[PDB]
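A short write-up of the structure that comes next.
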Amino acid sequence: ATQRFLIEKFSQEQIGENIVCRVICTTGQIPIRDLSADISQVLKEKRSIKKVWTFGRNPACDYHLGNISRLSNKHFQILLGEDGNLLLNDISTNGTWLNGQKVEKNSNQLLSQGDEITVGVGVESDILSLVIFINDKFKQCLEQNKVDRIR
Amino acid sequence: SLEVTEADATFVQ
């Protein structure tokens, strides 16, 4: 009755099925969400980018925040592809921050472990921070990407 | 009315 699995699920659910990165708010404003991309599609898709997430106050945005006038509909965006890494793309009207350091808007940046993005800068009382959790499993699969498969 | 995102005007400091 899902009783046993429930035990394993809470203690540590099976993550990495197709999980790219996870967004967690540290300032306590937006609920945690899970970003993901299909591995088969990533390997099969030999293009520039595979799947990109858009975050902001927009209901369309892959990430819906609470309601910060300082933040834009789509404050920031995350792209997944290249080869076996992740990139962060800022897209806010006010700007996107990384550990206190403001990055170039609509610019691609190299992913960081447990990285954190700050937004709504201008007023110490109007800034919101977000933490990114990268799936170790995803990194492992990406490393092997296409299995040799011994015929 | 509109809904322009409140953005500062400090020549992007």
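Each value in this text was obtained by applying a stated rule to the coordinates, not by laboratory testing. All Cβ positions, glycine included, derive from the backbone under ideal geometry; neighbour counts span all protein chains shown.
Filter the stretch A:58-97 down to residues that are farther than 16 Å from A:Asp34 by Cα, among the polar types (S, T, N, Q) and away from chain B (no Cβ under 14 Å), then give me how many there are.
2
Need at least 1 residues that are among the charged types (D, E, K, R) and touching a residue at least 40 places away in the same chain (Cβ under 8 Å) per element, so show me which strands (runs of 3 or more DSSP E) inside the stretch A:89-133 make the cut, counting only ones lying wholly within it.
Answer list for the stretch A:89-133: A:116-119.
Mind listing whichever residues of the stretch A:26-42 are closer than 19 Å to A:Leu111 by Cα, in contact (Cβ under 8 Å) with a residue 24 or more places away in the chain and more than 13 Å from the chain's Cα centre (by Cα)?
A:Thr26, A:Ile39, A:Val42, listed by residue number.
What is the one condition in (1) more than 17 Å from the chain's Cα centre (by Cα); (2) buried (at least 19 other Cβ atoms within 10 Å of the Cβ); (3) among the basic types (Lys, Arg); (4) under 28 Å from A:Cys141 (Cβ atoms) that A:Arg70 does not satisfy?
It fails just one condition, (4).
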